[PDB]
Structures are given as structure tokens and as C-alpha cells.
Amino acid sequence: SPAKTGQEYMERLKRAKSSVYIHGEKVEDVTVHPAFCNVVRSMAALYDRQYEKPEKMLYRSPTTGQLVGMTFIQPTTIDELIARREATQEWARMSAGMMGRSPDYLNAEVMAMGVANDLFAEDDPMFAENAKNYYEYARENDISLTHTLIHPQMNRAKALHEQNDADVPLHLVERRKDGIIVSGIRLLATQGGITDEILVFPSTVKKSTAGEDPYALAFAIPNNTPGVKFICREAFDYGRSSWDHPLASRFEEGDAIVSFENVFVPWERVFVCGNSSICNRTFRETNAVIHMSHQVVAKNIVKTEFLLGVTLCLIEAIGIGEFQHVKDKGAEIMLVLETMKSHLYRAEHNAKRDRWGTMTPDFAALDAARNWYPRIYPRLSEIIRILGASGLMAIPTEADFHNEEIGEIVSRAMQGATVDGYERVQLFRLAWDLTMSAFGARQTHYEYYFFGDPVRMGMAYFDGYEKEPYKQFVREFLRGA
Amino acid sequence: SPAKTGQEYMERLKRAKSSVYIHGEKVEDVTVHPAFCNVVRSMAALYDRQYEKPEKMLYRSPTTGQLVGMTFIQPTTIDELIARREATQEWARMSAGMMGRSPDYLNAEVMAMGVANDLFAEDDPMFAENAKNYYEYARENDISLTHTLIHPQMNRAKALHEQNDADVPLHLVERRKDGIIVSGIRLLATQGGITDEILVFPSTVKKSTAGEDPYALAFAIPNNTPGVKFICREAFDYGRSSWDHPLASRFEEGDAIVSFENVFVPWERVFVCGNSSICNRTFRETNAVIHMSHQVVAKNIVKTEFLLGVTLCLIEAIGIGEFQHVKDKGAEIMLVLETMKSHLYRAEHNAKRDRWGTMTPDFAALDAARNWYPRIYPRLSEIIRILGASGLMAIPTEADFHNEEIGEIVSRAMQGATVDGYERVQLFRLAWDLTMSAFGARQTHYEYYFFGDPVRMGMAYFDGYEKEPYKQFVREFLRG
Amino acid sequence: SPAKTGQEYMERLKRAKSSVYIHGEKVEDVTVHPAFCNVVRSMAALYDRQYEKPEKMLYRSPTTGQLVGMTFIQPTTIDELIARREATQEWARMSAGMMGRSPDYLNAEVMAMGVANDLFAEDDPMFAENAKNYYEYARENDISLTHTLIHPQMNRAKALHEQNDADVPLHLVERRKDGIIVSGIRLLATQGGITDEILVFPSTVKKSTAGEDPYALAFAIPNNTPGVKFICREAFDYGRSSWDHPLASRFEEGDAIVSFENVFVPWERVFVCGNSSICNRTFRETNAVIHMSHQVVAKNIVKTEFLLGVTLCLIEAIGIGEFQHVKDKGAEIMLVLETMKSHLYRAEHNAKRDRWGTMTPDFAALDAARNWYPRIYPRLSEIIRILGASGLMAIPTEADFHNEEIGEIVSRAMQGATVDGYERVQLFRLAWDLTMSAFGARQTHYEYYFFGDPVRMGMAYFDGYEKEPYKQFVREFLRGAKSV
Amino acid sequence: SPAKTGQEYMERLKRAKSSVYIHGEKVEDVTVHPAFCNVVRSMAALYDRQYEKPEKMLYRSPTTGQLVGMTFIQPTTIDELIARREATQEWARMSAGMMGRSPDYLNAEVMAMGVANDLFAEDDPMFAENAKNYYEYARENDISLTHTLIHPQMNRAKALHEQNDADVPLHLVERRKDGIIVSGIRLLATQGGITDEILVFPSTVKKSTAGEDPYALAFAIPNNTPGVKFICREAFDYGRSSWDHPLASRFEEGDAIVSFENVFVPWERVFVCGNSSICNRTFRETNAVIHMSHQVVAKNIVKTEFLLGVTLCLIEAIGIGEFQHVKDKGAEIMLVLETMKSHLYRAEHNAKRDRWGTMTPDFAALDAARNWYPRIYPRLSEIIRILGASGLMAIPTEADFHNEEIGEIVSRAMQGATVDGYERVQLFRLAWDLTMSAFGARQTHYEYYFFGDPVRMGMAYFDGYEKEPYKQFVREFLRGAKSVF
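The deposited coordinates derive from X-ray crystallography, with the record listing a resolution of 2.40 Å.

Shown next as C-alpha cells:
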């Protein structure tokens, strides 16, 4: 079976030896370096879950007949579509919705563009073939992927070609028989260099013009390709136990600058080569934004369930369940959860087959969800913070509980209404790690910016909305005077 | 009886002569008095639509075989449930979502109580039979209804029995062989005195204690019952044309104080008689809150499409649609629309049969919707006001355009980007009447307080929510 | 004595006979037409108050030495500046802060430009002289004024000269020996044609470009100037009693479209003639925006005192004063009140003399206040609406209480915790007329858009802020921790 | 000269040897432990500033005639009140407004209660004398103080005496000839065990009823009193350079649980002994909330000036200054700064003497300021987060710049519009440490909760407001339209 286990996943990262830098040093082994080993372990547990629950987490490849990841499926019926989502939710439950690049996110993108690959043939028929071959290769080899969609804009008032240093952003250096050469920088590769391969693709939102053709690239390459380096930001896993830092010590995915010094990309791994127009249409005409949104909305639901659980546990632990303002705050989170569930229900049950036979979720539902959820997420976090109150700062370590001189003092001190001190501090430390640690604050920031800047997403949502019917309804009504 | 036409509807009001008071005088005929005649004509037109499209607006009564209003249906399949909703939306589109008491709101309530009537039998088996017969009576005679759910709380820090005047709220005076006698006051009867009959029911939200048993009433009577008076608030229809006041001169429903002086109610029209515990459960255990929420969310969607339309039209007319803050304001309203359409989709397609055979909408979805939309409606209103800006105050009358001295001046002056002066003032008048007239401000207030105070609704929403799964998920996570 | 009484004020409007149109008809006499008569009587009452409280509302003219209106003063001391504001607040209290064009608002504008008129000499020295002459004329004859700053922007995605009809907005037609000819349209003359004269002036925010020179006018004319018509939007005084409509039947100021068909403006009435650059700087370099803002903040404080009053009264009548959400809403309004008073306190007591010797309020305070208050005002309105709840829709009329069949029923029905039926409906009717009548909704819209669009006002506020100090502070702090 | 230098301050802490625990172990020396050494140097530097700028930061003691700290002053004129505030702002500027328990906050409380001590005589006349004595002692020895006002609320829906464990909150155990015994816990000692003494006082907002008399204590004791332990929450200074963590590695003040095992307090250190009613009035009737509020608002202004500065630097660096949404977000911060400055101005210039002769700021201004700013602070933080966007996550370390293999790649990669890579990542790291580090989020959470829960503060503000005048105004207006039927 080509679908991989946790240890097969770790063994492939170890043998890859990608050029990865953190805290001023080259990383010898990502599987054991303190900044990465925990999140690698968490990913490994996802691959183990596929084998624990094969009937739900695997399916038969239409090309090879072997058991491959469910999250790669091309759904052709609403049942297959729901099945894909249930697999996404199983992993999302394991990571409390904290992972932005669990394999299922990229698996959806790669499938969509494999299957709906025709756009690419406008440039050359080979790029369309490459897309299909790439998806099959990814699925049949259980590749783990991230992407990078973000250029170093330096001056946002201006286009990439106008910057002081126009060569900083990733661009095409030349074309050859056997492939292409690229140089420059991409930003925010989440799980950069603890994945097998990386998709370099255009932005979801930021629409690029004719002068930016040298920057308009889509391709996928091994993380360890010669001349690629992953320069990680500072780790937010400070090496603590998962009682003390219950999230940061399990799900800290890293964000990385990606450098390309003179990187050779073989032709077979290229999808778009120096074409603003095709780039600008890639997410839309492959339907990839739809399947990517499906996964995200499903994951957001699991995550909202978790924040809700924390909120409710906090409420009970401190005995504040009877105040009106507390109940309304609880009601805010509950409404968000039901809203997201309602969009997902419509997305799946109102799905229709596209011209490639893919059962395609109703995007009117998912597009609203993905535009709304980021805007409201900071308030969900603000709610946990406000309810926890001064108790969020009363967070001694586990070690403080086991100390001979103070263990009892601390136990009695940190007592709640309905809980002993040890269980209460554990609970509050989870609320804290979710909202006020560097890991938690980053979760808020990441949800808000997940598919791009809400300011731009809002402009694009308005412009893409079918607005004529609503005018016609109002114009008829005025005519009847 | 044949389902009603518009003429039949107006004929019954005329013949009933309810005691109705407005602006300090008794009303002789509600069908011609200037405060009501326009809204009566809008109501009439809904009944006319029922006969123009019988396949969509009527169905065969399961008891008599006759065509009766679709919005009375007891849906037994998903398709019948969608069919009821489409009829509600036909009517809602004709009134741009403005009507709080189009018949379909109450028709849902009365169906739900008539079919799921067993609750009432806890006090006496006759009261459950009364609910069933009342449903059949309403459907087979195409009764138009409103209700009244709100007591005069005077001091809100206290229960009704503790007020300085304990007898002001409507309460039971005595019991008799043939019926009961009631006295006192109910508030906020929307369309009070332009309906055939009125439901007197408990609140949806506010819970009552043992000491408030004398106030715990559920019954239905004709509007013209002896001893019943409707004392109406000031009209927000100032008698202007429908170019000037395009909403207020068509859909001003009225809100009335209802007075009962020693009113006789026959036993056959009583559902709950002096029982807090039953009253507290009436909206939930009949499933009436669910079916009523179905109607409201469907109507809210039509309403939001209307607000969206107005907003977009303003944007085009003024030429502001390339500014990013304007686009984002447009986007706010669209997200609301898709949010409510998604809840409605889930409500209908995830519906299940209840013990009584009724295909019941998914209330997890409708409960969220009906709690959320009131909260967010003020913002939709605020968006129209902000976009319209100074242009909302440049609203000369139709007659100004007709005036020989100034007609041409005004036309040239009130020009827009993509519209003539006349068409532009008409559009801004619609935006104005929707948000800044007495009519429009009322629309915003009415949506906010529709099923009750959001403060109390939020508390009830929290307490009613199935919370255990979520806490268990986090506790499993903490365990390992 | 040249300061006017209420009757003198009314008799001037009657004898002036401006061309005023409302509800499809020419108005014969604004002082008795139903749409204007109440507000005219309210304005009359302000002029009467002058003479009832002369030691507070009048002062000796520096040029004639006779008693003139205090809100004309050019303050040269902090005392005289406070005195002006107390005068503003006397009138604001009589109107519950509801009037946008009480005479004091425009009186401050005309004073500031009369005194700091040197900008105008950039175009032509006579224009500076005119401004000074106009100020003295307005003060010495107690002229009541409004203004209009608003062009008919048809397509806001373009400039006035790029519109499909470029001749709709008010523009210069030609220049003659004795004056100028102007044609076109201006919007939003609040109190249009129930004042003696009108100021036609540039926007306080909207900047104009080279191509909009022909539209860049500043002048003052009598409201009855031949070729001038005031076309009023429909009145929001529907002729009710002040028990029923306590505000709309007293303070409905009107907003007029102003038409000019080949209107002649004498040169002595001109301040700016077809000059975008000078228009763009008119409010700033004259300090007019500062004195106008002083008047506005003082009036906004009065208005907030009233809203607070109404809110508290509602809370006690209904008996909800013990709910925490209710108390927090009360606290919001209180904080707004204290914020505005703080800004006024700093504005006055940190005033400094300008190069003309006018004691000039500290604009850092007033500018923040005038940017903030509009943005927060909708919420003050929302709070009254929310606390009032269902009771706001239970508004029978006075005539319902006086009807013999239903009077008693209504009285008993409408009781509150601490007030009887008649008192309760009267209070709720004031809350209603303040926030949910056409009058009330307009008040919310008027505050929000008072000095212009908050979107533009915020861009100007940011651009005009002295930002450099705060960058240097941060940059020094970073310089500490640098490596080499 | 009794005012202390930085090294006198560090020496005094080192010799006191309080019982302080963090990360599961007893701290030997708070001057050198990695969790405190940075903040201790930051406090030391405030005490050195005192001596660098004596004319502004010191004054002549009214009792001894020697030079003592200005923030202790009992102001008798508007000038002395302004001078106190300028000293507060000198220290606030060194800390970018980030320190919640710089000595000046406490010094204002202790002065207020020393001078306006009459309330305490209601229980026992010695307690009023003690408060006066305590003020002079703290001033004359330049005592650095913090306080704890928070009880372990376990079940917040119930009073302290109805808790599952009524003995957990700090309470009177017995009274003696010579003093009192207290046992139990207090919850949020900021700078616990890096000060000389701690004030144990009632809440500013939370009322206590009878039944909570055993819990209504006011006293001051040395941090090293036998039976007292400070149990610190985990450090948010993770031992990085001040280029990487520019705020967390200078101003991490620490929050401490304060434990008392049958601790002896001598009578001379007691101000309130088991009296709810007097505790409930302690902050008002001494005017201490006024002078504390003065300090906080002045500090809040310095802090807003710094957030503004960060916001504007970010906008220039990234080149986003011409977008309207960005300019409005700038304007939000400017309005807050002007609002706070206006309140402060009114507070000082409209100050009036109290019955003890202290020039007392106008509390109408300061009470609004202190209720409002906590509510608006999270928005200021969200603006920095929003504007910084993806750049906030592009934060390589200083050591990444200094690596030979990647240093130049990172410099080119992280350029801004108007700044090079190194200067840019430094700026964004300040923005990050201000809003999105453990340090940053704490700042936002501390500002919000500073003088108590806004929900309770808002109730108290409404209840305390002089409401009748506004009702009379409205009623007179209504009276005008009354029919005589």
C-alpha cells in the first residue's frame, strides 16, 4: 500500500535533508531538532490514523487500484464529497483545528488542478499534462505538501517590477531544454521544509499585471531541491511540556522564508511559466478555491467546536454561567458554530458536477463562509480572554505543583468552583495557549489572514457577486408607482 | 368555505366593525379610514395572488378536500415544507419583506398548536380538542390572524402580580359553565383591528412564575368580540403618494393596545386557562416556534435581497462603486444574505418527522438565524444611511417636479451619474422611507425586537444549547 | 439698539419675500406657512433671550459702541472666549442642542474670516476688505445666516468639470464692472430662506483641483436676491402638537436645494472668485474651522446632556436601572459627555492669541472632538432605541387620552414603575421623536455628516497630524538595541 | 541622601532574600535569576534616572529636609501636581508605558492614605496614625512597593465566606497584644518579590458584605516576612536579546500568587483590620483612586504615543500610507491620544484642594479616562496586528542576520519600501512583541483589567454619576408641553 505511516513519513523527512535554518543555524535533522520534532510527531500521528481507520481514511486509486489517501479523492458523488470532508474532520479533531497545512489542504488544491487542468493548455498542452501527472504522483506516493503564495512586496504602493530591487521576488531567470531556472524569494511557507514538496503558486487575491509576467510562476518541487533554503522565523515552541504549553508543544507548524538561489525546475514539474493572465485565473477556473474552501470550512467547524468547549469549561470552572453578559458571549460562539455548519451543509448537499465530472461544492456558501469566518475569529479569541480574566495570568507550571515546599499551597490556591487547582491551571493554560501565547496570538492572526487580506477579499467578493437581479427586483418595485 | 379573495377579505372587515380607535376618535370603517386603507389594500392583494396562482398558493384540505391556503399546510414531506416556504416568499416579495403579520406568520403558529395539541390536555382534554378544531376552523374559513404576546410590564424589576396595579395586565376574572371572563391589557397587536381574529398567547421568551397563573392565558376570539377595543398608536402613513412614501403608504400595519373589559370567551376557544407551567412550554412543545421561525427566515431573506437591491442601486446612481469602503459595505449585506440562505437550506433539507407526522425544520439552523438576524439588521440599515449621505436629505416631493416654476430646475439639479433627476429622487425616497422615516425606523426596531428582547433571547439560546459534546472534546484533549 | 428682538427677526423675513418652494407650491410668507412657522418661532425665541439676558448675551461693539450679539465677538481673552461659549450654550439649551444653524454657528465663521482676511488679498486686495466689511455689517445689523458648502456631485467618481452636465454645479458665468454672474445649484441649505442672508462657501473637507476653478466661489447675498430659489425637501413637521411631536414641532430647520439663474453678485459681496487654491485654504488660514468647531462642541455637550437626561428618565420609568447591561449603556453616554467636556476645557483654557490677536481655542482638542463625536453619535441614538424597546411603539396621541370612551383605559394601560400613563407616553414620545421619527433619524444623520463625510474627515485628520515626533521616539528606542 | 540609586535598589533586594518560586524551584537571588534580572535592571535604571535629573525627579522632604522622590509628593498647588506627573512620564518614557508597577503608582496610593488617613480612625485611631507613619517611612527610605487587591475568586457567583474553601482567601486568624495573624492567599502581585514591601489592600471596585469581615484587611509588610511566599507564573522573558524581544527582555514584571502561612503583622503595619465597610470606602474617602488615576492616565498617554509611533513607522516602512482604510486606522489612534491628553489637561488645571490641603485632580475627567481607555485598548493592539499583516510572521532572529550562509539572503528578502531588511525586521519585532508575544498579549490583557473588570467598573461609574440634574433638565423641557386636562 503506497499510503504512508507515521514512521514512513518521518523516515522520508530524515533522508531528504532539506536546507533549513532556524535560530541562526543550519538544521541537521528536522525530525529531532527541538523547534520541529513535536509538530513532526503530530503530523506522523495523522498518517497513523489513516491505517487505524482505513475504511474512512483511504480509498482505491482509479489508476492503480491501491489504497491511497481519502483527502486526495476526486469526488464524483455527494457521498464521496462528504466522505472526503469526514476524513478532513478526523485529522482536524486530532489537531484541534490548529493546523493550517495538514496534508488535506494542499491535497485538495493538487487534485482540483490535476483534474481541471485545461486552463494550463492555453500556454502549452504539456503544462496541462504535467498537472494531471503531478496529482497522480502526489496521490500514489502520499506526498506531503505545503505552498507559498506570497511575494516580498516591499513597497505596497507599487508593483513587483517597480520595487527598488526588482530581482528580490521569485522570477524566471531563463528557459532551457530540460527545465527552467528561477531566483528570488517567496514568503510564509507554513511547514516549510518539514514537508516532502512545495507548490509555488500565485496569490488567491492579489491580481498581477502584464509587467509582472516574470514573477507569474506555478510549479512544484522537492523541498530539498538544490539551491532552495527555508529560513524559519523564531519558534513559538519554547521546549515545554504539553501540560504547560498544550498547543504550542504539539502544533507549532513554523513559517518560513523560501530562498531560490539558482534553482532548476524540470519541465515536468511546471504548470505556469511567466504568464500573469493564466496565473490570475488559476484558482478560479480549476475550481481549486472551491475544494480548498471546503476543507477550510470543515476545519474551521472543528476549531470553533474546540474554542466553544474551552469557553464552556472556563465558564463552569469559575462559576460565571449565571451572568447575562457571560451567557451572551457563549451565545456568540454558538451562533458562529451553527452559521459555519449551515454553510457546510449547503455546500455539500447543493453540490453539482462540473464539466470534468467533479462533484463541486456550492461555492456561494463556502465563499461567504471563508470571507466571514476570518473577520469574526478575533472576537472568539477576545471572548475567551475576557472570561478567563485575571485567572489567565495565574499560571504556575506543572513543576510548581510537584515541588515539596509549595505543591500543596499552589493546589489549594488555584482551586475553582467545581475543580481542584491542578485541573483548573491545566484548563486555563489551554485557554492562555490558545489566545495569549505567541502560538495563540499567531492562530488569531493566521485565521484573519488565511486566504489573504480581508480588505482585498471583500473587494473581490463584492465584484464577483451576481448583482443585477437584486437591482431588477427593486427597479420593478419602483415602477409599480 | 372558499379561500378568500381580496374583496372577500375587505368585506369581512367592513361587516365586523371592530372597536378601533386612532388619533383620538372611533374608526367607523377600517377599509376606508386613511390610517388603515392602504395596508388593507396590500393585504387584499396578497389574497388576490392566492387565486392568480392556485397551484402554488393553495392545497387540498386533508379534512374537506377543498382548496385552502398553502401557508396553513401541515407539511408531511420535505417537498410540502419547501412548498409552504415558496408561498410565504411569494407574499413576502409583493411587500418587499416589510410585513410582520402577513397571514402566514400566524397560520404557521395555529397549524403547529392544532396538530401538536397534547400539551394542553394536561389541564383538561377539551383544551387540546379546542386547539385542533381551531386550526381546522382557521384553515377552512381562511381566517386572517394576528396575536398579542406582550403584557404591560410597568416595573420590569418585578412580576405581574407584584406591580402597583396588579389588575392592569390581562387576567382571568371568573369561570362559568359556558366560558370564562377576562379583563386587562395586552400590548403590541400588530395589525390589531384589520384581522378577522386575534390569538392571545404567552411570550416566546419571558417566563412566568406560579404567582402569575391568573395571567397565563391562551385563547382566540374575533377582533369585534364585545368588550374588546383596539387603541392604535399614531399612524406613520401621513397620507402621501406611493412615489413620496413608497413603503409607508403601502405597508404600515399599525401596532395597537388591546383592551378587554369583562370579555366573554367561550370554552371552545380556550387553549390555556390560568396555568404558567403549560404557558411556559406552549411555544416549544407544540413546535410552533420552529414553524414560525421557518416563515420569518424565509421572509428575512426576501427582505435582505430588497436591502441589497437598494444599496446596489444607490451605489450605481451616485457612482461610488469603485471605493473600497463602499464595496466592503456591499459585501456585508451579501454575507448576511448568504448566511440566511444557508440556514434556510439546512432547515428544510435536514428536516425530520415529529411524533405527530409533521416534517419539522432543523431548528438548530432556524434558532441560530432568528437570534442572529435581529442583532445584525441595524447595521444593514446604517449602511444604506451612510452610502446615501447628503442625497437622502435632498428629497423634494413629486409635486415639486410637477410645478411649472421649478419642475425643470429640480430635474437638472437632482441628476446622478447614471439616472435622471426624477428617477434619482424616487430611489433616494425609497432608501429614506426604508431607514429614516417613522416607517423605516420602525422597521429597524421591529426586526430587532421581533421574537423578543435579544438580551433574553441570548440567555435562552445559551441555556437551551446542547453544550456537553464540546466540553467533552476539550476534556479528552486535556486527558492525553 | 441694533441687536434684534424676536418680532424684528420675524418681521424681516416677512418683508423679504424670498422665493421659497415646498410641497409643490411657492410659499407666500415663511412666518406663517405650516412647515416653517414653528421653527421661526423657535428662532424668534432665541433673539428674545438676548434681551432678557443682556449682560450675558450682548456686548459693546468695538466700532459703534452699541449693544450687539455676543456670538459675534472677536474674543481677545480666555474670559471673552468662555463668555461667547456660555452664550452659545444658553441658546443650545433652549433648543435641546437640536439646531445645526442657530445664528452663533455662522456668526463665528463670519467673525473669523472678517478678522483673518489676508488670505483673500492673494487673489485681490478688495476681497480681504469685503470680508472685514461683511463681518461688521452682519454684527451691526444682527443678520441671521446660514450657508451652503455642498455641490451636487452627480458622479462622485469624477470632478465637477468632468460631469456629463458640467454647468449644473454653481459656477461663474462672467465678470463685469460692478459684480459677477453666477448660475447653477448648491445643496443642503439648512434653514434655507428662513434666514436673512446666505454664505456660499467651499467644502470644509472636499478639496478642489485646477479644473474646478469656475466652481470655487465664496460670497454672501440676501436670500431674496432675484434669480435665487430655495426648493425645500418635504417638511418633517407634520403639524402635530408638541406633546405628540415635542421636537419636530419646534426645531424642524428644513434643508433646501438652492437654485441660481443668472444671479448678480456685487463685488463687495465677493470673498473668493473662481480660485480653487484659495478656497482649499479658506477654512484653515482664517481659523474659521477653529471657532466654528468651538461653537459645535459646546452645542454637542448640551445635546449629550439631553440624551443622557432622556436615557436616565426612561430607565427610572421602566425600572430597569438595576440590570448590568442597562447600567453599562448609561455609562457609555456618560463617558461621551465627559470626553466632550474635557475637550472643551482644554480647548478654552489652552487657547493662545493668533497673529491677528484673536484668542484662538486649542484646535488639537476641538479637531479630535469634531472627528470623534459624529462617529459615536449613532450609538447614543441606538442606546435610547434599545432601552425604550416595545414601549417606543406604544405611543397613542394626546387626543387618545382626552377621548371619553378610551381616556381612562389608556391611562391605566400605559403606566410605568414611577410614572402614570400620561407622563410615560409623553416621555417615550420624546425618546421616539429624538431617534425614530423622520426628525429624529435626521438628527442622527445630521450629526454623522455635520462637517462632512467621516471617511474624508479621517483621511484629513491623519494627514494633518504632526506624526514625526512619535516616529522619532520609537526610532530612538530601537536604536538602543542595535548591533554593529 | 535617602533617595536610592539603582545599585542601592539592587543591593537591598539581594540582601532581603524573599521566598520566591518560579518554574518549580526556589529563587536564590532575584537580581541574577534569568526570569527577573532584566526587569530588575530596568527598575534600577529608573532609580538612576532620579539622580541624573534631580531638579525634576527629587524634592526636599517636608519632615526631614533631605532629597526624596518626587512621585511621593503631597501636591499643594497645580504646579507641584504637574511636576509629579512629569516625573511619572519621565519613567514611563524609559519603559515605553509598559510597566504597571513602576514605584510612582504605589507611591501615589501611599501618599494619599498617609495624608487623608481619618477614615481608618473609624475602626481604631492608631490605624490612622499608622497610615501617616507608613507614608513617611516609605518616602524617607525610598521603599519600592507593589500591591495585591485580588482574592482567589473560585466561585465568582458567591461571596468569599460561601466558597467550598472559605479559608483559602487571606483572612484574620487571631488578634494579639502586639499584632495579628493572617493566613491564606492573594492572587496578582505584579513585581511580587522584586520590591521591598507589599501592600495588601481591598479591591478598588468589588464591594464586600458582612460575612467577609475576616477577609477585609489592609496592611503593609516586607516581602521577606516569615511565612510569605511569592509563587510566580511562568516567565515570559524566554532569555532572548533585546533586538529579538525588545520589550519582553526589559520589562517582564512577573505576576505572583502571594501565600501567607500564619504570618505575623505588627499593629503598626495595620490600616484596616477585618472591616468590610471601611475597606469598601478606602479608595474613595482617601482620594487615593484619584491620585492613582492621575499616574495611570499620564502613563497611558506615553504608552499611546509609543503605539502611535509604532503604527506610523510600520505604515512608512511598508508603503501603505496612501490607502484610506490605513489612514483611518491611524486616525483611530490619534483620537485616543488626544482624548487622553484632554482628560489629563482638565484633571490638572481644574484640580481643587481637599479638606487636608492636597491639590486634588478633577476626578470627573480621570474617572472617565480610566473607565474608557481599558475598553478601547484592545482595538489599538488589533490595529498594529492588522497593519503588520504577513510581515509580523516574517521574524527571523538577529542570529539569522549574522549567519554567513544566509545573512545576505535574509537582508535582501526582508527589505521594506523605505528601510533595509535589518531595520525592518527589528521594527516588526517590536510590533510583534507589543501585541502578539506572551508579553504583548499580557500587556493588552493587563490594560483591560488594570483597575478591575470593566463590567463592574461600568456599573460603579453609572451608580456614582450625579444623575439628577440631567433628569431635571429633561423634565422641565417636557413640562412645557403638558395639557391641563
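## Considerations on the overall build of chain B
Helix and strand counts for chain B stand at 17 helices and 14 strands. Taken over the C-alpha atoms alone, chain B extends approximately 75 × 75 × 55 Å along its principal axes. Here chain B, with 480 residues, has 69% of them falling under the buried criterion. Look at the contacts in chain B between residues 6 or more apart in sequence, and 76% of them connect residues 24 or more apart. Distance between charge centres in chain B, computed from 54 positive and 65 negative side chains, equals 3 Å.

## Focus on the packing of aromatic side chains
Under the criterion given, the structure shown has 100 aromatic pairs over all chains. Plain terms: the ring middles of A:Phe477 and B:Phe251 are 6.4 Å apart, the flat faces sit at 35° to each other, and that makes the pair tilted. Placement of A:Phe477 in helix α17 (residues 468-479) and of B:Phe251 in helix α7 (residues 248-251) is noted, with the two residues assigned to different chains. Here A:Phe477 and B:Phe251 have matching classes, each one buried. What links up through ring pairs into an aromatic cluster is the set A:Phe120, A:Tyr134, A:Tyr137, A:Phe201, A:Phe271 and A:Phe283. Over the ring of B:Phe451 we find B:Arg370, and its NZ or CZ is 4.9 Å from the ring centre.

## Details of the interface of chain C and chain D
Listed per partner, the contact involves 68 residues of chain C and 69 residues of chain D. At the level of elements, α9 (288-318), α10 (324-349), α11 (363-388), α12 (398-401), α14 (421-435), α16 (454-464) and α17 (468-480) of chain C are the ones that each hand at least two residues to the side of chain C that touches chain D. For the side of chain C that touches chain D, the element with the most residues is α10(C), which contributes 16 residues. Per-class residue counts for the side of chain C that touches chain D are 37 nonpolar, 15 polar and 16 charged.

## Some remarks on the pattern of salt bridges
Residues and elements named next belong to chain A. Going through the model one piece at a time under the given rule, you end up with 150 salt bridges over all chains. Residue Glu 382 pairs with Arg 379 through a salt bridge whose shortest N-O separation is 3.2 Å. Linking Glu 382 with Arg 379, this pair stays in helix α11 (residues 363-388), spanning three residues, or about one helical turn. Using a relative accessible area of 27% as the deciding quantity, one classes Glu 382 as partly exposed. Because the salt bridges share partners, they merge into one network encompassing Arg 49, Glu 52, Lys 53, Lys 56, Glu 90 and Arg 93.

## Quick word on helix α2 (residues 37-52) of chain D
The terminal C-alpha atoms of α2(D), which comprises 16 residues, lie 22 Å apart, in line with the 22 Å expected from a rise of 1.5 Å per residue. Looking only at α2(D), the buried set comprises D:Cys37, D:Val39, D:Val40, D:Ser42, D:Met43, D:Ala44, D:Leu46, D:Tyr47, D:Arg49 and D:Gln50.

## Digging into the interface of chain A and chain D
Facing 74 residues of chain A, the contacting portion of chain D comprises 73 residues. Where chain A abuts chain D, roughly 6,400 Å² becomes buried across the two surfaces, and 61% of that area is made up of carbon and sulfur atoms. Its largest share of buried area at the contact with chain D, chain A owes to A:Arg156, A:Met393 and A:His445, together 11% of the area lost on that side. The interface formed by chain A and chain D holds five salt bridges in total. One salt bridge in this structure joins A:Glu234 and D:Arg429, with 2.9 Å as the shortest N-O distance.

## Some thoughts on the nonpolar core
Across soluble globular proteins, nonpolar side chains show a tendency to be buried alongside one another. A:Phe306, B:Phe306 and D:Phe306 are the most contacted members of the largest nonpolar core, which has 648 residues in total. The residues touching A:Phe306, leaving out its near neighbours within four places in the chain, are A:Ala96, A:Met98, A:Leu247, A:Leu430, A:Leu434, B:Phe473, B:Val474 and B:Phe477. Residues A:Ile406, A:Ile409, D:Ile185 and D:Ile231 belong to the second largest nonpolar core, which totals 14 residues.

## Here's the deal with the sheet that holds strand β11 (residues 255-266) of chain B
Residues and elements named next belong to chain B. On the basis of which strands lie adjacent, the open sheet formed by six strands has the order β2-β1-β10-β11-β7-β6 and mixed pairing. Because the sheet does not close on itself, it has two edges, and the strands there are β2 (25-26) and β6 (171-175). Note that strand β7 (residues 179-190) and β11 share nine bridges and pair antiparallel. What sits directly across from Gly 184, in β11, is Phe 260.

## A short note on the domain arrangement of chain B
Residues and elements named next belong to chain B. By domain assignment, chain B separates into domain 1 (6-285) and domain 2 (288-479). A separation of 25 Å is found between the C-alpha centroids of domain 1 and domain 2. In this complex, domain 1 contributes 52 residues to the contact, which on the side of domain 2 involves 47 residues. Both faces combined, the contact of domain 1 with domain 2 buries some 4,300 Å², and carbon together with sulfur accounts for 66% of it. There are five salt bridges connecting domain 1 and domain 2. Residue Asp 255 pairs with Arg 442 through a salt bridge whose shortest N-O separation is 2.4 Å. At the boundary of domain 1 and domain 2, one finds 22 residue pairs in polar contact. Broken down by secondary-structure element, the contributors of at least two residues to the side of domain 1 that touches domain 2 are α4 (78-94), α5 (103-115), β7, α7 and α8 (276-285). The greatest single-element share of the side of domain 1 that touches domain 2, amounting to nine residues, is contributed by α4. The residue makeup of the side of domain 1 that touches domain 2, split by class, is 25 nonpolar, 13 polar and 14 charged.

Quick notes on the rules
- Residues numbered from 1 in each chain as written, not as in the entry; some residues may be left out.
- Chains lettered and ligands numbered in written order.
- Heavy atoms only, no water.
- Residues with missing side-chain atoms left out of burial classes, pairs and counts.
- Helix = DSSP H or I, 4+ residues; strand = E, 2+ residues; numbered from the N terminus.
- Buried < 20%, exposed > 50% of the residue type's maximum accessible area, 1.4 Å probe, protein only.
- Contact = heavy atoms within 4.5 Å.
- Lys, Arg positive; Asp, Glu negative; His and termini not counted.
- Charge placed at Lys NZ, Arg CZ, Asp CG, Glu CD.
- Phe/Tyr/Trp six-rings, centres within 6.5 Å; stacked < 30°, edge-to-face > 60°.
- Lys NZ or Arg CZ within 6 Å of the ring centre and 35° of its normal.
- Nonpolar A, V, L, I, M, F, W, Y, C, P; charged D, E, K, R; others polar.
- Salt bridge = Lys/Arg side-chain N within 4 Å of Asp/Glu carboxyl O.
- Expected span 1.5 Å × (residues − 1).
- Buried area = accessible area lost by both parts, 1.4 Å probe.
- Core = buried A, V, L, I, M, F, W, Y, C linked by side-chain atoms within 4.5 Å.
- Pairing = 2+ DSSP bridges.
- Domains from an automatic or database assignment.
- Polar contact = N/O pair within 3.5 Å; in protein donor to acceptor, adjacent residues only side chain to side chain.

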